[PDB]
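The chain that follows stands alone, in the form deposited in one PDB entry, written as structure tokens.
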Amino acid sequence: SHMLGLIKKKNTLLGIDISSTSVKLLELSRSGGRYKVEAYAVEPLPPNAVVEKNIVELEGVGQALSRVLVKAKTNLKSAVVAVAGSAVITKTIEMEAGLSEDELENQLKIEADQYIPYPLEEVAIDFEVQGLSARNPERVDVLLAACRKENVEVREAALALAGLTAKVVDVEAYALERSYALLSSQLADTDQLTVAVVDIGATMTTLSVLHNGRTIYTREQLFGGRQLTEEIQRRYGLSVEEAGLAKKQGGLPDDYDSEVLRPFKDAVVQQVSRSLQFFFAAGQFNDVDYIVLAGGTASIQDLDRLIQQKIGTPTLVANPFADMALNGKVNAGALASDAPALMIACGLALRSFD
């Protein structure tokens, strides 16, 4: 009766991106092929509640999660969250064919130890049979992915504090690929291009090269928009909130562009340039067809122009909601201005439709 579809298959999940400085919620639905944004909200975190990709203050995250639900105003209580790909170990091993799912699980629990740095008791294991081994029909190819149990369990607890349940623990790299596939309109078929996605966060910048939809390269750096925030704080005597608000609202003195924003803009360019060079010297690729700017920092005025000017590669700000429709309860202007920072959240929400 598992095959029965006498009842129409009818199951959406919240896209919840937990970063170092904020919590982002996105809810999607679709009618045929066209997607629609049901709900959206962003909540700042208490400082040092989430350092790096690691949750430290559990209650602080839970509170942030609780409040972001209210502003989004949605009914959904199940969500998709993600761990960093840097925290996941992936390995392809071969196993005996003809094993049941339980037998396969038992063997993989015991032998995972042999394929993972982590101690055996602290590991969350995910697996997938790929098919029969090419060499030998007696064996199957098994994909194995592991991370420390702590990473899953801490996010479990964090969502629980907001009454939320993680139906799926995704990997940020996968979420990026899903939302990037929607940029095909904004770009030619995303299915035939080589594209450098530069996610410029607050404290973290990440280059992700995608060829025909699949990630083929990833590099990270401790560079981000907080650098711009801290320089506004220092020059004008503002707190983190005031300075962050000042970026968007633009109420700063005349010397802001030349003394603060442009030097930061240049640091962004140098950062992007070095990362591309690292990628070119890492494989067959000599060039990318496009650079897609992502993260809140990508909304900096004419940052895309500057990168085009200094690098010579077509650059645009990510907007996964270009073709989508909107619920009347969603602010079109707010979403549009925050669009490049919602790539991960959108990709997490797209996991509902896989």
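From 1 onward, residues are counted along the sequence shown. Take the two forms, superpose them, and find the largest set of C-alpha atoms that agree within 1.5 Å; that set is the rigid core.
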query: Interresidue gap class [residue 10, residue 11; deposited sequence, unmodelled]; finding: 1 to 3
query: Count class of coordinate-free deposited residues lying between the neighbours residue 187 and residue 188; finding: 1 to 3
query: Comparing 98-106 with 157-165, the one whose average Cα B-factor in the PDB entry is higher; finding: 157-165
query: Mean temperature factor over C-alpha atoms, higher-scoring stretch between 256-264 and 242-250; finding: 242-250
query: Top residue by Cα temperature factor, when 178, 149, 139, 91 are compared in the entry; finding: 149
query: Given 131, 201, 119, 85, the residue at which the Cα B factor reaches its maximum; finding: 119
query: Ranked against its chain, the third holding the CA B-factor of residue 283; finding: highest
query: Third of the chain, ranked by Cα B-factor, where residue 211 sits; finding: middle
query: Third of chain Cα B-factors occupied by residue 73; finding: highest
query: Lowest, middle or highest third - CA B-factor, residue 40; finding: middle
query: Residue 305 - which third its CA temperature factor falls in, relative to the rest of the chain; finding: lowest
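The same protein has a further form, the form deposited in another entry, not shown here; the description that follows concerns it.
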| item | value |
| --- | --- |
| 2 Å-or-more CA mover between the shown form and the other one, where superposition uses the core and the choices are 267, 143, 222, 281 | 143 |
| C-alpha of residue 85 moved at least 2 Å between the shown form and the other one on rigid core | yes |
| Core-aligned C-alpha movement of residue 152 between the shown form and the other one, 2 Å or more | no |
| Rigid core superposed: residue 95 CA moves 2 Å or more between the shown form and the other one | yes |
| Pair residue 216/residue 90, Cα separation in the other form versus the displayed form, closer or farther by 3 angstroms or more | closer |
| Sense of CA distance change between residue 182 and residue 85 in the other form, threshold 3 Å | farther |
